[PDB]
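Chemist: when you get a sec, could you give me coordinates for this:
(chains A, B, C, D, E, F, G, H, I and J)
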Amino acid sequence: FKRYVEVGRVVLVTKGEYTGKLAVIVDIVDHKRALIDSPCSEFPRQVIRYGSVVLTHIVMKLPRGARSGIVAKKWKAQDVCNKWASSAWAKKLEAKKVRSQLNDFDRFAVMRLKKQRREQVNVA
Amino acid sequence: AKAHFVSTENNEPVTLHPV
Amino acid sequence: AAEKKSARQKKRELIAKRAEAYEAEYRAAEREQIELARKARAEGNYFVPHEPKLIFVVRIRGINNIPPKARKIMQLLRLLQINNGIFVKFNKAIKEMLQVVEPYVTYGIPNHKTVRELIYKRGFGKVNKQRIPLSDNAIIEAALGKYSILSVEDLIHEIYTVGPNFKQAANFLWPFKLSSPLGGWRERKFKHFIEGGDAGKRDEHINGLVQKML
Amino acid sequence: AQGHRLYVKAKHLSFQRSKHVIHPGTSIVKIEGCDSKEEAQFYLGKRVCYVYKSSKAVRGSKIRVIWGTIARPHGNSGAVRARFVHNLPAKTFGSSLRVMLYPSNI
Amino acid sequence: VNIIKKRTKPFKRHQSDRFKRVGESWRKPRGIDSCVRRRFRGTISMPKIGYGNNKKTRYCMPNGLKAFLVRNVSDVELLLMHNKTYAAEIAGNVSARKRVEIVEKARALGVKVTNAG
Amino acid sequence: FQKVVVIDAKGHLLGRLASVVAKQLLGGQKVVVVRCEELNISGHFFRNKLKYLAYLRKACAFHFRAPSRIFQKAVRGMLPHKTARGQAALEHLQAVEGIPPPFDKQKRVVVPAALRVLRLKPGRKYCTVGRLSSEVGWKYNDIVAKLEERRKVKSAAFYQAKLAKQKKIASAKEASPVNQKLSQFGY
Amino acid sequence: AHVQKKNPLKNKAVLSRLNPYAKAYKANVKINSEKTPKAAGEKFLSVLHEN
Amino acid sequence: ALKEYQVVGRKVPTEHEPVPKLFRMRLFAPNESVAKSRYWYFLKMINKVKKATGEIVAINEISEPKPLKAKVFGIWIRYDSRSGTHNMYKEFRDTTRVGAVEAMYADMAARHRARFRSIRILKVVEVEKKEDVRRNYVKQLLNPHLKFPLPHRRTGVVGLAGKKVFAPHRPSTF
RNA sequence: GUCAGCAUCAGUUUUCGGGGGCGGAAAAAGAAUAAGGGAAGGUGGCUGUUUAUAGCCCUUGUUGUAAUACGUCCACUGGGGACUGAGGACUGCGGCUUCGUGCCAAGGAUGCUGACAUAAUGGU
RNA sequence: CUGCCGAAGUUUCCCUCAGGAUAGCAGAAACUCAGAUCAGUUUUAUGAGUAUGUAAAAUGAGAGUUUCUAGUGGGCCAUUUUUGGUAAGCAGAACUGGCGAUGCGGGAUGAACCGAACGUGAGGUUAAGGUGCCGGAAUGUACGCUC
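Modeler: Residues are numbered from 1 along each chain as shown, chains lettered A, B, ... in the order given. See the structure here:
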């Protein structure tokens, strides 16, 4: 059980309008409701259940019930940003995300990109 | 019924609960 | 020719002036009602607002298996078909009017928008014992000219404000024939509204329902 | 090999029916990929064909096509309702359909 | 104005299929438990006045002409006024000699003949 | 929606897999199930036995006993098998024992909506159709187990050859200088 | 006369015909400003947040 | 969705009773109209003031003052059953006063199959002191060292697709 | 002739979106920033303590003439999809005109184009 | 053959006998007031005992009349009291409806249950009932209980 609900663990919301945004558990209301927040202005603090989220490995030290400003101070101090991106798990998500907003011309260049990648097939 | 004001001076409301 | 053009112009100018007179009163009506609560709440004093002289009643149950006492009442309020709905003068003699057929009708207090939409989109006047639509103001005048009602807005004003000629105007209005609401009702529609159903007094929520029924 | 197929596959599920009455006037089409009632808003209005064959060689082709239009979404899972020029025969329940991308909206 | 027919299939008397003694012609049932008279599910449909066709397109062939039965050439002379709305139909017992006289006369008068062959 | 698909049945629930399968058959998809022995039923083993001895007690029927024949019975109850719509939908469903050779070389998909782990609370009693039927009159429990082991040997051996092969292409993938442009397109 | 009924709430020409004031109505009225005078009785607030 | 409703009203003044007393109630209702109905029911069964001689002076809705602050709520209720009288006192820990009552309606109709009309809310109070709390699971939930894996592991991430019939790989679910 | 394709419209209708009023505790929140108070599920420190090498809660000020939600409303606007095209010289109600002119979404559908006749519809 | 209209299913009496009735319901013709004339409605005022009757504003509707001519005077189901009852059913009335002349959706199937009254079609939208599959529609959301 490396995924462990701990005060201050980072969570990644997978359902609801804030899908994909990172946030950190602040206080454990109950086994079905929790309080999370993020310094990112697009994410207002709210009481979110456990059904829409999957627990992440990264855990940052955080005193219970910290306000958003203190949480922002703790996050910026602990450089959690770009520490999540260090994981190989993260790198795949935007790789899926970047492929989402491609257009036809970008797709064709990818076809040029991968075709030039495959032609080598050089094996000793 | 017509609109009127219900003065609360010396008529303060105390909360109620069932029994 | 020119004389009727002047008659057209002056009469049209009068209707515009009357309409702006009503809406000016309409805006002034809500403004004070907001200031009344604002002043009362600032003082800590409590304010109760005026009673509603207007009630809109929609029949929600069909003509099968209805007691004769309730059948006659529906005949008086002219709700001969399911989904029909008429304007009634909300008074004391209508309190029990809507208690006997309490399970068969949902009724509530209409705001300005609901009264406006219903006549504009569903406005048919009982003219010469016929259901002639209010395509133009001449139809209303040819029927309600005596009561100083000329255009639709005057007719809307006489209804919303519940004027001296409320009876004649609402009697002139053929019972609005509405469509089964878009999105549907609650599951158990035939329970009382306060109990999670959709029958009976739902207060302002008629204004949240008639939008579905148009 | 994959230099064709400018349409989207589908299946003629059934008629838009009550419990005990079929209304053959409008069919039900499940586009291969549609997964929501908001999703079907894209496929509304497109043209859908049912391609079958017969022994008669009309104009040098055993192949016949019955045209149709996607009309509105059906249900919460992404099936739509289609109104074909000829009501699709009852024997094509489960058969394959093509929802070609035109008339477009982009 | 075009033609729309509210119903194409004819009306067949109930159980007409089952019996040869029962004609294929409509007679209204009179039983008090007759599912046909009580209009149950999947039963045959009784003729009503609701099925009546449009007045402006009634007694009209799919080419918009009302069939006027013609016995001799003096009847075709009557359709002189109404070549644009009535179609001359030859009576079935008119001999070959008269029939060609009518068809040639109708062709001269511009009156369509339904069964010119 | 491929024309032919293969559903591995190990760990799937008999009732909830059948309801998914019965619908796909009526859609026209040729569904083939494999490893029908390892299906599961909610309820302890002895309970599902007794509900089966009622089936054998019901007699004039043909109480088919093999695990595939148990599943085929489950699907036949969710099809309109009296009509030619379902009578022609039943014949597409091919349920087999284990994995015959013409299917052990095909990719086997699993139904997320009817797996045992996702649908049963932890610790809940359940039974395996293969074990159950082998105690009702089936006589081929041992032979399919031996045959399945042999195929597992060949399949595992096949992976090791493929694992090294893809490792070679895994090692030679970075040699492409277009990897930077691959990163820019997120691919 | 009146072959059809055209919806006044969707047909502008019919709307102007029926109501010759819809031409100049000016719905969204800037009656307030940023200068909203928050007015609430303190005793009202206390009795509001009671119990 | 319930709302807090401070409902204040009094009987109709008359020559016998020129100054009626303003009663107050903090009762819950899905809309304003239901609040009136519950008000008349709550008061008439108790104080015997007739409907037709009563008017209501003010309906207000009370937003949660500090919704973001986790709290423990004490809820005195009266069960109505075959007997019709049970002094039950439940406790729930959550963020909003309305949310606690919702769960109390959820539990009362689930654990005990109660009905909204039958159940009358007696008093809802905040429990600011852990010592004042009386429930072991709440006491355990109030401990300084709370820690537990996310229960119902499958409910996390569920399947995460639109219509994912025939997934090509087994789900880890761990 | 038959059948398609599109455009602008009219009637009914469904479906997403943008902008803007007004109301609520003139939303509650919250943030930032000054006071005071309190403590913990007690942090640094030393089981016990009061912001220190974490912080938290309460009251007020202030950034505030705050945002948002929610409710309501706009005779404010962007689209997408479907069914229907009845009536058949002109009158009428209106709007822009241009004060002869006319025009118009205003007392119910027209314009452009393509394909087929050994076909396509339709009928048995 | 199509169309229109359309009941009563019961009092009243007379009556040795079977019935006869008058009335009601259904119609057809001839004549008044443009009415405050009626209403399976409720109010206003009561009077007496929360109910009861009575007379005197709300709402809807055009309300009337004299004359004749059919058909009918069964029963079933469920509610109210109810007096007499007991292992327990019951037994008895008074009363109220609906079915009886009526298709339709739902209730797996159905005389009375839940919805709904039917010209012929098009679209839209609902009721009751529902959305695992047969079967049209979420193997939806949330919180719980049960081996």
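Chemist: now the helices for the chain?
Modeler: This is for chain A. Applying DSSP state H to chain A gives helices spanning A:68-77, A:88-100, A:104-118.
Chemist: actually chain H
Modeler: If DSSP H is used as the criterion, the helices of chain H fall at H:32-47, H:97-111, H:136-141.
Chemist: need those in JSON lines (columns: distance to residue C:121 and mean neighbour count).
Modeler: Where you see a C-beta, it was placed from the backbone N, CA and C, and this is true even at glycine. Output for the helices of chain H, formatted as JSON lines (distance: least, CB to CB, whole Å; neighbours: other CB atoms under 10 Å in any protein chain shown):
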{"stretch": "helix H:32-47", "distance to residue C:121": "27", "mean neighbour count": "18"}
{"stretch": "helix H:97-111", "distance to residue C:121": "38", "mean neighbour count": "17"}
{"stretch": "helix H:136-141", "distance to residue C:121": "56", "mean neighbour count": "12"}
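Chemist: show me where chain E has its helices.
Modeler: Under DSSP H, chain E gives helices at E:73-76, E:96-109.
Chemist: quickly compare those and say which is most buried.
Modeler: Most buried of the helices of chain E, by mean neighbour count (mean count of other CB atoms under 10 Å in any protein chain shown): helix E:73-76, with a mean of 16.
Chemist: who's in contact with it?
Modeler: Helix E:73-76 is contacted from outside by E:68, E:69, E:70, E:88, E:98, E:101, E:102, E:105, E:106, E:109, E:111, using CB atoms under 8 Å, 6 or more residues apart in numbering or on different chains.
Chemist: any idea how far the first one lies from residue E:58?
Modeler: Read that as residue E:68. 15 Å (CB to CB, to the nearest Å).
Chemist: which one's more surrounded, those two?
Modeler: Taking neighbours as other CB atoms under 10 Å in any protein chain shown, residue E:68 and residue E:58 compare with residue E:68 leading, 17 against 10.
Chemist: quick one, what contacts the closest residue to that one other than its chain neighbours?
Modeler: Distances taken as CB to CB, 6 or more residues apart in numbering or on different chains place residue E:86 nearest to residue E:68, at 4.7 Å, with adjacent residues excluded. Counting by CB under 8 Å, 6+ apart, residue E:86 touches E:65, E:66, E:67, E:68, E:79, E:111.
Chemist: list only buried entries from the residues you listed.
Modeler: For the contacts of residue E:86, a neighbour count by 16 or more other CB atoms under 10 Å in any protein chain shown gives the buried set as E:65, E:68, E:79, E:111.
Chemist: check contacts around the residue nearest to the third one when sequence neighbours are not counted.
Modeler: Read that as residue E:79. What sits nearest to residue E:79 in space, not counting adjacent residues and going by CB to CB, 6+ apart, is residue E:111, at 4.8 Å. Applying CB under 8 Å, 6+ apart to residue E:111 gives the contacts E:76, E:79, E:80, E:83, E:86, E:87, E:88.
Chemist: now, those residues that are in strands?
Modeler: E:86, E:87, E:88 (DSSP state E).
Chemist: could you measure the first one against chain A, distance?
Modeler: With distances defined as CB to the nearest CB, to the nearest Å, the gap from residue E:86 to chain A amounts to 64 Å.
Chemist: residue H:66 now?
Modeler: Taken as CB to the nearest CB, the span from residue H:66 to chain A is 12 Å.
Chemist: ok, residue F:34 next?
Modeler: 31 Å.
Chemist: tell me the centre residue of chain C?
Modeler: Centroid-nearest residue in chain C, with CA atoms, centre = their mean: residue C:87, separated by 4.1 Å.
Chemist: for that residue, helix, strand, or coil?
Modeler: What DSSP: H, G, I helix; E, B strand; the rest coil gives for residue C:87 is strand.
Chemist: can I assume it is in contact with residue C:171?
Modeler: No. At 9.8 Å, residue C:87 does not count as touching residue C:171 under the criterion of CB atoms under 8 Å.
Chemist: can you get me a residue count around residue 40?
Modeler: Assuming you mean chain A. Neighbours of residue A:40 (other CB under 10 Å): 14.
Chemist: wrong one, I was asking about chain G
Modeler: So residue G:40, with other CB under 10 Å, has 12 neighbours.
Chemist: quick check, nearest of the contacts of helix E:73-76 to chain G?
Modeler: residue E:68 (34.0 Å; CB to the nearest CB).
Chemist: do a quick rundown of the strands in chain H.
Modeler: Under DSSP E, chain H gives strands at H:3-11, H:23-29, H:54-61, H:71-79, H:86-94, H:120-126.
Chemist: now tabulate those strands in TSV and tack on mean neighbour count and distance to RNA strand J.
Modeler: As requested, those are exported to TSV (neighbours: other CB atoms under 10 Å in any protein chain shown; distance: least, CB to the nearest atom of the strand, whole Å):
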stretch	mean neighbour count	distance to RNA strand J
strand H:3-11	20	15
strand H:23-29	20	17
strand H:54-61	17	14
strand H:71-79	19	14
strand H:86-94	16	9
strand H:120-126	16	17
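Chemist: out of these, nearest to residue F:21?
Modeler: strand H:86-94 (42.8 Å; CB to CB).
Chemist: can you confirm whether stretch F:115-132 lies near chain A?
Modeler: No. Stretch F:115-132 is not in contact with chain A by CB under 8 Å from any CB of the partner chain; minimum separation 13.5 Å.
Chemist: do stretch E:56-69 and RNA strand J meet at all?
Modeler: No. Judged by CB under 7 Å from any atom of the strand, stretch E:56-69 stays clear of RNA strand J, getting no closer than 13.4 Å.
Chemist: and the most centrally placed residue in chain A, what does it touch?
Modeler: The structure's chain A has its C-alpha centroid closest to residue A:22; by CA atoms, centre = their mean the separation is 4.3 Å. The contact partners of residue A:22, by CB under 8 Å, 6+ apart, come to A:10, A:11, A:12, A:38, A:40, A:84.
Chemist: what's the neighbour count on the first one?
Modeler: A total of 22 residues lie near residue A:10 under the criterion other CB under 10 Å.
Chemist: that one reaches residue A:62, doesn't it?
Modeler: No. Applying CB under 8 Å, one finds residue A:10 not in contact with residue A:62, separated by 9.7 Å.
Chemist: touching both of the two, which residues are there?
Modeler: Common neighbours of residue A:10 and residue A:62 (CB under 8 Å, 6+ apart) are residue A:24.
Chemist: which one, of the helices of chain A, ends up nearest to residue H:14?
Modeler: helix A:68-77 (56.4 Å).
Chemist: tell me the secondary structure at residue D:27.
Modeler: strand.
Chemist: what are the buried residues along stretch C:40-60?
Modeler: Neighbour count says stretch C:40-60 has C:40-41, C:43-48, C:54-60 buried, by 16+ other CB under 10 Å.
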